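this is the structure alone, sequence omitted:
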Ligand code: HEM
């Protein structure tokens, strides 16, 4: 999987824009997911009492999630291949991680990066994140 230097640079950068406001951007992410995925509210431990930007568990999970996708970009740029930890592979093996759900989370992710970058959005940017997310979603299912 071809992933260039430039594409890696687009994602490290826009990720930084995401790090500027985790509570606010992590609201866009979750709201999107709960909007299109019925099982979501019951699956996440922290989604119990809704989307709460003050819950560090919610905000911390979103940070974890996006760092891993930025990390997927760095692995692809370096080797052309991404691997997911076995533990991360099993947390998902339960079920609701149906394949359609993966697409719902990708959609939430791009929409979040879009809210974060503002006027810096371009198709190049979306594309850099889509690949890194897809490669990591494929690694997760199989590792
Ligand atoms: C490729 C994108 C994905 C990444 C990078 C990812 C990453 C993560 C991480 C970092 C954790 C575990 C942290 C921990 O051990 O507590 C986690 C937990 C979880 N994820 Fe994913 N995830 C992905 C997609 C999804 C999708 C498609 C679903 C389905 C709705 C999902 C469902 C869950 C559930 C229910 C948990 C447990 C929540 C908790 O920490 O209590 N994730 N995810």
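Thanks, I have it. Residues are numbered from 1 along each chain as shown.

what parts of this structure come near the ligand?
By the rule Cβ under 6 Å from any ligand atom, the part of the chain lying against the ligand is 37, 40, 43-45, 61, 64-65, 68-69, 88, 91-92, 96-97, 101-102, 105, 133, 136-137, 140. Bear in mind the C-beta positions are built from the backbone N, C-alpha and C, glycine included.

for the longest helix along the chain, packing partners?
The longest helix of the chain (DSSP state H) is helix 56-79. Contacts defined by 3 or more Cβ pairs under 8 Å, 6 or more residues apart in numbering; DSSP states H and E place helix 56-79 against helix 5-20, helix 22-36, helix 123-142.

angle of the last one against helix 5-20?
In other words, helix 123-142. Helix 123-142 and helix 5-20 meet at an angle of 90 degrees, taking axes from the mean of the first three to the mean of the last three Cα atoms, to 10 degrees as the criterion.

before we move on, what about the second one?
With the same axes, to 10 degrees as the basis, helix 22-36 and helix 5-20 are set at 100 degrees to each other.

got the buried residues for helix 22-36?
Going by neighbour count (16 or more other Cβ atoms under 10 Å), the buried part of helix 22-36 is 22, 25-30, 32-34.

would you turn those residues into CSV with distance to residue 123?
Formatted as CSV, the buried residues of helix 22-36 follow (distance: Cβ to Cβ, whole Å):
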residue, distance to residue 123
22, 25
25, 20
26, 24
27, 25
28, 20
29, 21
30, 25
32, 20
33, 23
34, 27
